J.: 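The structure that follows is given in the form of structure tokens.
Here is the naming used below: chain letters follow the sequence lines, and residue numbers restart at 1 for every chain.
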Amino acid sequence: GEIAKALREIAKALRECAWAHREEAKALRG
Amino acid sequence: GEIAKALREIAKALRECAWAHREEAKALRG
Amino acid sequence: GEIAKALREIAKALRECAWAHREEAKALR
Amino acid sequence: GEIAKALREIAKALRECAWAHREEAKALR
Amino acid sequence: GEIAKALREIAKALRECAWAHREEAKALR
Amino acid sequence: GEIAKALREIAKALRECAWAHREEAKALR
Amino acid sequence: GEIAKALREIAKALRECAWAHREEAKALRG
């Protein structure tokens, strides 16, 4: 369904955000 | 659908958020 | 619809967040 | 509707989030 | 309804996040 | 219902996020 | 259901964000 697909897009975008936050943590402690 | 379109807009906005965080992680290094 | 409008308000608020996060990165460099 | 109203509550909270992030950006300078 | 109640819990959690971001900004000053 | 349960999971994950942001704030100062 | 499953994927991604933030906090302290 279109609605379920769009919710999965939201999840994927948040997994992007998480990756970016993990990079901030690594850049900080370095 | 209007609801699905709006959910995709939320996703797009979160992808903008992730890009911003990736830039923060880059800035934090140098 | 009222639900779709509210979801668009959520999207807009997140675009505000992204602009702010961008300004944080600029302030860092 | 109560669902639309709750979704608007979520957007309002995210606009709070953005305001605070804009304050972080100002503080980093 | 259960769905509206859960959405409000989501907003409540984001207000917590906003309060934490205001605190981070405060620490940065 | 499963949708309400999943929304409550999102709320709980955001409360996790808020706790972590509070830990960042603390670590800052 | 597909919608419920997608919503749980959003929650999973946010728990990923939380883990990353807990790592950022550990890095700020050292």
Side-chain angles (χ1 to χ4, degrees), chain C residues 1-28, chain D residues 1-28:
Chain C
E2 57 170 12
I3 284 164
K5 283 189 191 176
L7 291 173
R8 296 198 295 269
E9 294 184 19
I10 288 169
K12 190 171 181 170
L14 292 167
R15 292 191 297 272
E16 287 196 62
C17 288
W19 185 88
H21 288 136
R22 289 197 288 267
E23 290 303 319
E24 298 186 15
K26 293 221 178 52
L28 288 175
Chain D
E2 54 196 271
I3 287 173
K5 175 161 53 55
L7 293 171
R8 294 196 297 270
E9 261 192 65
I10 291 169
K12 183 181 180 185
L14 290 166
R15 289 193 297 275
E16 288 191 16
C17 282
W19 182 92
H21 294 314
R22 292 194 296 276
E23 290 304 305
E24 283 173 296
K26 292 170 197 183
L28 290 167

J.: Please find the pair of heavy atoms, one from C:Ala13 and one from D:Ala18, that lie closest to each other, and give the distance.
T.: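 That would be O-CB, 4.4 Å.
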J.: Name all residues meeting the side-chain hydrogen bond (donor to acceptor under 3.5 Å, both in side chains) criterion together with C:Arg8; count only those two or more places apart in sequence or in a different chain, and write none if there are none.
T.: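 If we apply the side-chain hydrogen bond (donor to acceptor under 3.5 Å, both in side chains) test to C:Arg8, skipping adjacent residues, there are no hits.
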J.: Measure the shortest side-chain to side-chain distance between D:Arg22 and C:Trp19 over non-hydrogen atoms and say whether it is less than 4.5 angstrom.
T.: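 With C-beta onward as the side chain, the pair touches.
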J.: Would you say the side chain of C:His21 lies within less than 4.5 Å of the side chain of D:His21, judging by non-hydrogen atoms?
T.: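 Side-chain contact under 4.5 Å: yes.
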J.: Working to the nearest 0.5 Å, report the span between CG of D:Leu28 and CD of C:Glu23.
T.: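 If I round to the nearest 0.5 Å, the distance is 11.0 Å.
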J.: Rounded to the nearest 0.5 Å, what separates atom CG in C:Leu14 from atom CZ in D:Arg15?
T.: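 It is 11.0 Å, given to the nearest 0.5 Å.
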J.: Who are the side-chain hydrogen bond (donor to acceptor under 3.5 Å, both in side chains) partners of C:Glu9, not counting sequence neighbours?
T.: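 Not a single residue meets the side-chain hydrogen bond (donor to acceptor under 3.5 Å, both in side chains) criterion with C:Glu9.
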J.: With rounding to the nearest 0.5 angstrom, report the CD1 to CD distance, D:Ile3 to C:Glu2.
T.: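 Rounded to the nearest 0.5 Å, the CD1-CD separation comes to 8.5 Å.
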